[PDB]
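**Student:** Sending over a structure as structure tokens; questions will come in a sec.
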Amino acid sequence: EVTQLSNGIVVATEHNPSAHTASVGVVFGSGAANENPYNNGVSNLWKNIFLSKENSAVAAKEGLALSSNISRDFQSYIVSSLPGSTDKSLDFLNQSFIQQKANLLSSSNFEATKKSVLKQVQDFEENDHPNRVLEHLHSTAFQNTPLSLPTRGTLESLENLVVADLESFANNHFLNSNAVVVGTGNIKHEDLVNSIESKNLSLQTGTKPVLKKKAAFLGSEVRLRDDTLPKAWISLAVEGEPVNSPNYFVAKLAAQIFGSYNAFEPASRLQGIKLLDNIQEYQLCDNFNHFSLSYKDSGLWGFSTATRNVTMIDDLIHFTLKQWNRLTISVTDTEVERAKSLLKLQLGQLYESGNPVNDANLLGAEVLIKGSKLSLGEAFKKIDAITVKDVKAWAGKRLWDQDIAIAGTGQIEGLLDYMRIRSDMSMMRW
Amino acid sequence: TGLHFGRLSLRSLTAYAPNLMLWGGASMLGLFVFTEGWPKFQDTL
Amino acid sequence: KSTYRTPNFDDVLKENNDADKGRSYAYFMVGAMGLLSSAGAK
Amino acid sequence: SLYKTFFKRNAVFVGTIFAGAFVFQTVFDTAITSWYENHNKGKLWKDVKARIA
Amino acid sequence: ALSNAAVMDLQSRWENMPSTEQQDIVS
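The listed protein sequences derive, respectively, from chains H, C, D, P and B.
Okay, so the first sequence: first residue is 14 according to my numbering, each after it adds one.
Okay, so the second sequence: first residue is 31 according to my numbering, each after it adds one.
Okay, so the third sequence: first residue is 805 according to my numbering, each after it adds one.
Okay, so the fourth sequence: first residue is 7 according to my numbering, each after it adds one.
Okay, so the fifth sequence: first residue is 112 according to my numbering, each after it adds one.
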């Protein structure tokens, strides 16, 4: 059961007696979308300061494990431990992250962390193609709007930061009205609330800055061509649904219909996905996957693919977009029936895995928007209630003759112009 | 649990039928446009 | 300059991008060219 | 919407292309013919034959 | 002084800038 109390800070807890671990954490409603192009990467630097050697050493001496996660809409700082020592994690979180920040922002520590983060971002930008392609897709989809800033930070901006930027961001965003205290695993809600009440655990006053511009989607493309690479990596997307939309689960199911494909695994060549019937003959791709990502203001629905067949890219894109076209007009009931159970198993593993850190992140990110956490059972009935008419109604609105965003790198010379791709979003025979 | 087929499904023929009538209606409109000035077809024009 | 920073396209861009209004204006111009063309071909 | 009725289906988009082109054939033909005769009033055959009265 | 990131190019950055964020710079 999920129990949430608004006394003090918003305290959420999900109790699981079977687990042998307990996680206690703080989730902030600010993310990479709350920063600007001149201090971009301040959140990643804060994360790596919390994860620095001295802080991690003092934590691990007591027997605790530290996790930090940076995203568009939230920042997560989690302390995981054994069930008997769940009170010690609160003490470490109070003493280190909240009460005092002078020790963590010393000159030498800041310089070392800055040099390590610069090295990491430099390695990412050159030797991680499928993920940086998705980052550029975000950066070109939401350009000149908060949601397009990369979460790690750019190489040029990360140099200009000083400790003053970090402390300014901490003053502006680490607030009581922006925070949720989350408890996961083998702990009780009453015990957690009592433990918080015994201490003060006050973060700050409130009134975080309000953004003047809301995120917007622009049809656009960016091409980063490099002929010294062996493949071509391509990510393509349209505007999707945000969190708290009525069509959220319909979006995830429509994504699940096409699924993912790996050419080298024997089993995934026999899937009921009809798209493979066009792909398999000439080995058009090595792998693809479909995504329905949702944020607070907007979302992305699309796919990502990698291939060595540098002379047949347009055929791959054409067949994929013709499979997308089929959703509006001629989706069949068996497709939806398979999609329901595939999605239920897909959602089942996500929310019911052994690791409590994923549960903590999900619960903290959920209560910061909805105000409450949807149960597993009520999720299934909405999934089971989906019909063919709903899928057709959603697809006729979100992907029929709509603008797209594209991002590719590698031997993308075979990738045709924008308009030729944009015309594939309709059939013209219907 | 099997639908009548010949490489073309029965379910997919009923899904295209409303559009097939619309395409048929769009074709008659194209016939009157291209066969205007025909005196015999002017009997119903 | 970082690749993530994108060049200024402001003088080219429309103030309000509404898909239903935007695709309707483009389709009407294409439709007009088709309507006169069908008349000429006939 | 106006888009959902006309431009969504390519079956009905080309139908109203042909339907609008059907009307334009006769309306434009009569509009041009009348101005041409009006600009040349008093010269055409039906005006000379009308003068014989 | 003041942090280099904030002051530099604080012209094109004046607009589209949170009100509480821009009231700290003038203090």
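C-beta: ideal position from N, C-alpha, C; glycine also.
Verify whether the separation of the beta carbon atoms of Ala418/H and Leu150/H is less than 9 angstroms.
**Tutor:** In this structure, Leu150/H lies closer than 9 angstroms to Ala418/H by Cβ.
**Student:** Could you pull out every unbroken beta strand (DSSP E) segment of at least 3 residues lying fully inside the stretch 239-272 of chain H, listed in chain order?
**Tutor:** The stretch 239-272 of chain H contains these whole beta strand (DSSP E) runs: 245-252.
**Student:** Nearest CA to the CA of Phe63/H: which residue from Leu79/H, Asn49/H and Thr153/H?
**Tutor:** Ranking the options by Cα distance to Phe63/H, first place goes to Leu79/H.
**Student:** Report all residues from its chain with a CB closer than 6 angstroms to the CB of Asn140/H; omit the five preceding and five following residues, and keep chain order.
**Tutor:** Closer than 6 angstroms at the Cβ level, and outside the excluded window around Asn140/H, lies no residue.
**Student:** Name the chain P residues that come within less than 7 angstroms of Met441/H, Cβ to Cβ?
**Tutor:** Going along chain P in sequence order, the residues near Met441/H (Cβ under 7 angstroms) are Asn16.
**Student:** Can you tell me which residues form a DSSP beta bridge with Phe110/H?
**Tutor:** None; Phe110/H has no bridge partner.
**Student:** Please name the residue in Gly196/H, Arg165/H and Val235/H whose C-alpha comes closest to that of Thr422/H.
**Tutor:** Per the Cα distances, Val235/H.
**Student:** For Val816/D, name the three-state secondary structure that DSSP assigns.
**Tutor:** Residue state, collapsed to three classes: coil.
**Student:** Using a Cβ-Cβ cut-off of 8 angstroms (strictly less than) and excluding sequence neighbours within five positions of residue 446/H, which residues of its own chain qualify?
**Tutor:** Residue 446/H falls outside the range modelled here, since chain H spans only 14 to 443, and no answer is possible.
**Student:** Per DSSP, what are the beta-bridge partners of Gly67/C in this structure?
**Tutor:** None; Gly67/C has no bridge partner.
**Student:** Within the chosen definition, does the stretch 248-262 of chain H reach the stretch 306-315 of chain H through at least 3 CB pairs nearer than 8 angstroms?
**Tutor:** Flag = yes, the stretch 248-262 of chain H and the stretch 306-315 of chain H touch.
**Student:** What's the gap between the Cα of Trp443/H and the Cα of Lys70/C?
**Tutor:** Between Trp443/H and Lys70/C, the C-alpha separation is close to 32 angstroms.
**Student:** Quick one: using the 10 Å Cβ neighbour count with 16 as the cut-off for buried, is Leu358/H buried or exposed?
**Tutor:** When all chains shown are included, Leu358/H counts as exposed.
**Student:** Does the distance from the C-beta atom of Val92/H to that of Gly38/H stay below 9 angstroms?
**Tutor:** In contact: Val92/H and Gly38/H (Cβ atoms closer than 9 angstroms).
**Student:** Can you name the residues of chain D whose CB is closer than 7 angstroms to the CB of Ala27/P?
**Tutor:** Correct list: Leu839, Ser842 and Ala843.
**Student:** Would you mind telling me which residues of chain P sit closer than 8 angstroms to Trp68/C, beta carbon to beta carbon, in chain order?
**Tutor:** Here the premise fails: no neighbours, minimum Cβ distance about 13 angstroms.
**Student:** If the cut is a Cβ gap below 8 angstroms, which residues of chain C does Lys846/D touch?
**Tutor:** Under the 8 angstroms cutoff, chain C gives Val63, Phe64 and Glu66.
**Student:** Please identify, using Cβ separations under 7 angstroms, the residues of the stretch 812-832 of chain D that lie next to chain P, in order along the chain.
**Tutor:** Taking 7 angstroms as the Cβ-Cβ cut-off against chain P, the residues of the stretch 812-832 of chain D that qualify are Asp824, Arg827, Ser828 and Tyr831.
**Student:** Taking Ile23/P as the query, report the chain D residues whose CB atoms sit under 8 angstroms from its CB, ordered along the chain.
**Tutor:** The contacting residues are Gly835, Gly838, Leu839 and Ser842.
**Student:** Can you give me, in chain order, the residues of the stretch 409-437 of chain H that have a beta carbon less than 8 angstroms from any beta carbon in chain D?
**Tutor:** So the close ones are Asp414, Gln415 and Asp416.
**Student:** From the DSSP output, in three-state form, read off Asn49/H for me.
**Tutor:** Looking at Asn49/H - three-state DSSP - the assignment turns out to be coil, as it is neither helix nor strand.
**Student:** Output needed for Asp430/H: all residues of its chain with C-beta closer than 8 angstroms, excluding positions within five of it in sequence on either side, in chain order.
**Tutor:** Result list for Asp430/H: empty, nothing under 8 angstroms.
**Student:** Per DSSP, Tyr42/P is paired with what?
**Tutor:** None; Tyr42/P has no bridge partner.
**Student:** For the stretch 45-57 of chain C against the stretch 808-815 of chain D, do three or more pairs of beta-carbon atoms, one drawn from each stretch, fall closer than 8 angstroms, so that the two count as touching?
**Tutor:** Cβ pair count under 8 angstroms is below three, so no.
**Student:** Enumerate in chain order the residues of its own chain whose CB-to-CB distance from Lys386/H is below 8 angstroms, with the five nearest sequence positions on each side excluded.
**Tutor:** The residues are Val15, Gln17, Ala25, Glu27, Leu376, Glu379 and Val380.
**Student:** Cα-Cα, which of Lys805/D, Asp822/D, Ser806/D and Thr807/D is closest to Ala229/H?
**Tutor:** Of the candidates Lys805/D, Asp822/D, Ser806/D and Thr807/D, the one whose C-alpha sits nearest the C-alpha of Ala229/H is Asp822/D.
**Student:** Under 9 angstroms, Cβ to Cβ, is there at least one residue of chain C near residue 444/H?
**Tutor:** Residue 444/H lies beyond the stretch modelled for chain H, which goes from 14 to 443, so this question has no answer here.
**Student:** At the level of alpha carbons, what is the spacing between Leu38/C and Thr347/H?
**Tutor:** When rounded, the distance between both Cα atoms is 16 angstroms.
**Student:** Using a beta-carbon distance below 9 angstroms, is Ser138/B in contact with chain H?
**Tutor:** With 9 angstroms as the cut-off, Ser138/B does not count as an interface residue toward chain H.
**Student:** Would residue 454/H pass as an interface residue toward chain B - the criterion being a Cβ-Cβ separation below 9 angstroms?
**Tutor:** Because chain H is modelled from 14 through 443, residue 454/H falls outside the range shown and cannot be assessed.
**Student:** List, in chain order, every chain H residue whose beta-carbon is nearer than 9 angstroms to that of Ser123/B.
**Tutor:** Near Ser123/B there are no residues of chain H at all, since even the closest Cβ is about 10 angstroms away, more than 9 angstroms.
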